[PDB]
Ligand SMILES: CCCCCCCCCCCCCCCCCC(=O)O[C@@H](COC(=O)CCCCCCCCCCCCCCC)COP(=O)(O)OCC[N+](C)(C)C
Ligand SMILES: CCCCCCCCCCCCCCCCCC(=O)O[C@@H](COC(=O)CCCCCCCCCCCCCCC)COP(=O)(O)OC[C@H](O)CO
Ligand SMILES: CCCCCCCCCCCCCCCCCC(=O)O[C@@H](COC(=O)CCCCCCCCCCCCCCC)COP(=O)(O)OC[C@H](O)CO
Ligand code: HEM
Ligand code: HEM
Ligand code: HEM
Ligand SMILES: COC1=C(OC)C(=O)C(C/C=C(\C)CC/C=C(/C)CC/C=C(\C)CC/C=C(\C)CCC=C(C)C)=C(C)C1=O
Ligand SMILES: COC1=C(OC)C(=O)C(C/C=C(\C)CC/C=C(\C)CC/C=C(\C)CC/C=C(/C)CCC=C(C)C)=C(C)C1=O
Ligand code: FES
């Protein structure tokens, strides 16, 4: 059917609104090139660290 | 404990035999109890609980 | 650079074999082994695992015997002096996808798919790491580009892995009808790999519980023994001439 | 009395030496549990020797077979997993017990006269332990093994003129290879026996004068026989240690280790993080705090020089920290500094850890620099604190 | 008496010796169990490993050899002697007293087809491998301690107690054996 | 007449210890 | 060299005394004694370790933030 991990990842987003907004702000700030050295790896990592922490306790309950 | 003393502690040979018997029987009893706890804590997860065991085509 | 070099940290998942009295989930081990032999084995070796290892863990003896018979193992030399082929037996190790490490690198763009026999013990937070890596393929952060032949995975150190995403939905079919979503196969294959790295785990935990309980009883007895022997000294009354 | 007849078998010539050195040996009645760690270390040594003898029955010291022979010990020989986890975590238990032993000696100034030779033999024993454990860690032939062997054999290159020849003589070639592993195996079987002999000499030197005590005073007025009192006390200690060791063996067998050594040695790629076992980390930190090859090796040697010179410092006549507030505080600071050095050794070599490591190394050497000043000044305490 | 560490029983109370011994025996149980466990773990670590036990059973087929000769074939460290005995050899192996034999056995109960003898070629004395066409009985002579075997692989003189072991062999056709 | 009783007691102890180390229940 | 002592010692048989109850007797006084005499030592051992650890984490966090675009 539908993979529970992606569904949980989408349902856990309201707990990670602050890192998500910060990552979006970083993307907007680097939409200009500056020789292709700017990136948003740290903010990306913060957002996914929050999402993974939210998802992990609940994933294995939906798995067998 | 003085009655048990008059049967088991009067001679060191009987006492040593008692210690050996206690080691044997107590280790067996503890093993049994630990295995009971293990089985009660892991219901459904054993090899013998594989639904399709014997059914690989 | 700074954070991508070490990678994203993996979460903590509640594995069924975690706990001082918790065993492996053996049906999950069997499902994980089918995932392995249907997806992983075409590129990863498991040189430490024999077919006999599965007997009494995930398969009956006849099941593993037929499994081994399905494969072609080299043997010899015969009386004439030539190498030949024979059906696999219970004592054979799992087959190698490639003839040597150089062949593996040549088939995988210069990268060597590591042997997975001890991979959960060969990485920090191994089980969680493997699960997160397998289910953690996604788009790179803005401003990060990946060269051709590599795939972005934030869990992998550096973020660029030579493995393509392989745990795609319904990539396997399960004998018990378990729906084979990406997360389900990830959990099952990690269960199988964790059993492979530590097949003695259940015996080890049973031994540990038993002997720690017994040694605690022994410690109580030892304390009583020591204090019994020392009480004549500790409660003694000492009279001496001196004052200051 | 005239010994015409036979009294206790303990006093017969068959058993008299054992009796007088292990049963009737006079011991200060006020020894605390901090005095059981010598017996604990002896038990750890016997455990290591027994498990290693049985493991050598199944281990193959060849680069093509060593990793596989370990794995075969873990998977194939019955109780092999237990034998390996016992040897690998028994090395850690040995070092924990010996470190506690050493810091007991430091706190109560057990190194002071007349026990200087005891302390020097202990320092020699510590060096032997370090070498033994390191070459043992090379034997599995994982990534950690290969790269640690590389750097430790390279240490000899700090010598300007003959350093390279010593490195290549230690290797048996131009690189760490099968010759290195095979010679490291022989040394690993041998050094434990020399450790046993050194420990016996340590014990004999200690029985020249008897053990020091928590008060640090002359104890001849209140001594009691080792058997049974300190036997049963050490037995309490042995059972507690057994519980501790069993927790490590059965439930956390790999927490005191790095997963890199489960990867077979690859001479092409150094792992991103390359550290020794935890019990070597403080020495690692002192080594890396010097931004110079020869300086680092010289600091490593100066650590043991200071340890050896400690008993010969002109000191005050007061031993125990219980009556020396300043030295007691300095001891606790030294313990914190050593723990910090261990933690720093586990960190990558970058800011802020270079500065922290440098300051910690300085503090560690300041302990040994300041103790003699403390002794010289405190010599004047009885003349300045009058009743 | 000082009472900071221990409080006395009332004076004249019965001694607690029996209770003390009973309590100590409980920990003595554990000490004995621990010692037994550790020793047996070392003894059994020397026993055959799982990889060794996994290679203790198989079958191999064979063919035919000319009469009067012997071929030494393999298995898992136990070589097998196969000899095509001539009619004179069969007659010589059937004219001996059973009572004189150290191990009482008959020729027929050791052979299926009287034209072939298939035995395991390990001396029953101490594991050495007897030499073909040697000894003073026309069979096998063991070079280790001088064990002598006859045409039927039966011990006649020497230290070995038993005759040569007979495996499970059969004939699928005229020139096909199998073990 | 106590040395014989001591020998019998220690023989019982030795037998009990033998059955305990080796535990030959599957062989008897 | 033997010491010359003058003393009188009275002792009670081990089987005439309670063996274990003295472990949990005046426990609060024991805790007070341990804390009151050893708080300086515990401070000297713990404060450098925790302070250095906290400063290192603070430095790492600020350095990571400074390199972020
Ligand atoms: C078939 C017969 C039984 C066979 C087993 C014989 C051995 C049994 C083991 C002993 C069990 C009894 C343990 C003591 C019970 C009393 C508990 C108690 O009150 O604590 C005692 C002290 O006892 C202890 O310290 C506990 C020591 C127990 C030792 C651990 C027993 C080990 C069990 C072995 C079982 C076999 C399994 C293991 C096999 C390998 C208090 O001593 P005092 O302070 O001097 O007196 C206090 C005053 N008042 C009486 C009023 C309270
Ligand atoms: C003071 C008493 C005498 C000395 C004993 C010392 C005890 C004090 C504690 C000392 C420190 C213990 C080791 C510290 C680190 C251990 C924790 C760790 O490293 O993690 C491991 C986990 O650590 C533990 O599991 C702790 C186990 C403790 C044993 C408890 C079982 C008790 C059994 C008998 C009951 C005793 C009751 C006595 C009653 C009288 C690994 O976890 P995992 O997720 O990888 O695996 C999951 C699985 O559960 C572990 O195998
Ligand atoms: C690893 C090396 C570290 C290097 C450190 C850098 C240089 C610093 C070297 C000095 C050591 C730092 C720690 C010294 C202070 C220790 C704490 C202390 O001593 O305070 C005492 C307080 O009294 C003092 O000692 C203060 C004295 C100040 C120093 C005065 C110097 C004159 C004396 C010179 C004598 C020199 C020899 C002294 C030998 C002891 C403790 O009082 P108390 O425990 O008896 O009871 C009070 C408490 O509330 C309950 O426990
Ligand atoms: C479910 C199936 C698979 C699993 C569970 C699996 C598992 C793993 C693991 C644990 C690693 C180690 C990553 C690391 O070093 O941290 C890895 C790496 C790798 N895998 Fe697999 N694997 C699978 C299938 C495949 C397939 C099908 C291929 C090739 C088509 C492949 C090729 C590789 C390569 C090339 C690497 C090394 C990548 C690099 O170092 O950049 N794997 N895999
Ligand atoms: C004569 C006595 C000894 C023998 C025969 C011996 C033998 C061995 C053998 C065969 C190995 C390789 C197998 C393995 O890795 O588990 C090994 C590893 C090791 N030995 Fe020993 N050993 C002895 C004493 C010691 C002592 C006294 C120490 C500590 C000072 C020690 C520390 C080690 C260490 C740390 C390892 C590496 C363990 C690992 O990670 O697997 N050994 N020893
Ligand atoms: C294999 C390692 C060692 C063993 C088996 C051992 C054994 C012992 C034993 C049994 C004692 C007497 C009981 C005790 O005080 O605990 C002792 C005391 C002592 N040891 Fe060691 N030891 C070892 C390592 C060391 C080291 C590394 C040092 C110092 C660098 C050292 C220094 C001392 C001192 C100073 C004493 C006298 C303690 C006192 O009187 O208070 N030992 N040792
Ligand atoms: C990343 O780097 C590092 C490692 O790596 C992971 C390490 O592990 C360690 C750990 C090493 C320490 C603490 C010191 C080791 C010290 C010594 C003295 C070992 C040297 C001895 C060897 C190699 C064998 C001795 C050889 C002999 C006696 C030859 C025999 C000859 C005859 C009998 C004639 C450190 C410091 C390190 O920085
Ligand atoms: C006053 O007296 C006593 C002490 O207080 C100072 C003690 O500290 C101890 C306890 C501690 C001891 C004796 C530690 C000894 C440690 C050593 C030497 C480490 C290794 C031990 C071995 C191998 C023993 C070597 C001895 C011999 C004779 C070799 C043969 C032995 C065997 C085959 C096992 C005891 C028993 C003691 O009574
Ligand atoms: S082995 Fe044949 S006679 Fe000795």
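In order, the residues displayed for chain E correspond to 93-271 in Swiss-Prot numbering, which applies throughout.
Recorded method is electron microscopy, 2.2 Å.
Here the Cβ of each residue, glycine as well, is placed from N, Cα and C on the backbone.
These features come from Swiss-Prot:
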BINDING   E:215, E:217, E:234, E:237  [2Fe-2S] cluster binding site
DISULFID  E:220-E:236  disulfide bond
DOMAIN    E:201-270  domain 'Rieske'
TRANSMEM  E:110-132  transmembrane segment
Summarise the domain 'Rieske' (E:201-270) as counts of helix, strand and coil residues per DSSP. 2 helix, 20 strand, 48 coil
Between residue E:217 ([2Fe-2S] cluster binding site) and residue E:236 (disulfide bond), what is the CA-CA distance rounded to a whole number of Å? 9
How many Å lie between the Cα of residue E:236 (disulfide bond) and the Cα of residue E:215 ([2Fe-2S] cluster binding site)? 9
Quick check for the class: what is the C-alpha distance, in angstrom and rounded, between residue E:220 (disulfide bond) and residue E:234 ([2Fe-2S] cluster binding site)? 7
Other CB atoms, at most 10 A from the CB of residue E:217 ([2Fe-2S] cluster binding site): 18
Residues sitting within 8 A of the centre of the E:215, E:217, E:234, E:237 CB atoms ([2Fe-2S] cluster site), not counting those, run E:216, E:218, E:220, E:222, E:236, E:238, E:239, E:250, E:251, E:252
In the structure shown, with every protein chain counted, which of the recorded positions E:215, E:220 has the densest set of Cβ atoms within 10 angstroms of its Cβ? E:215
Quick check on the recorded positions E:234, E:236: which one has the highest count of other Cβ atoms within 10 Å of its Cβ? E:234
Within the same chain, the residues at least 6 apart in sequence whose Cβ is under 8 angstroms from that of residue E:237 ([2Fe-2S] cluster binding site) are E:217, E:218, E:220, E:250, E:251, E:252
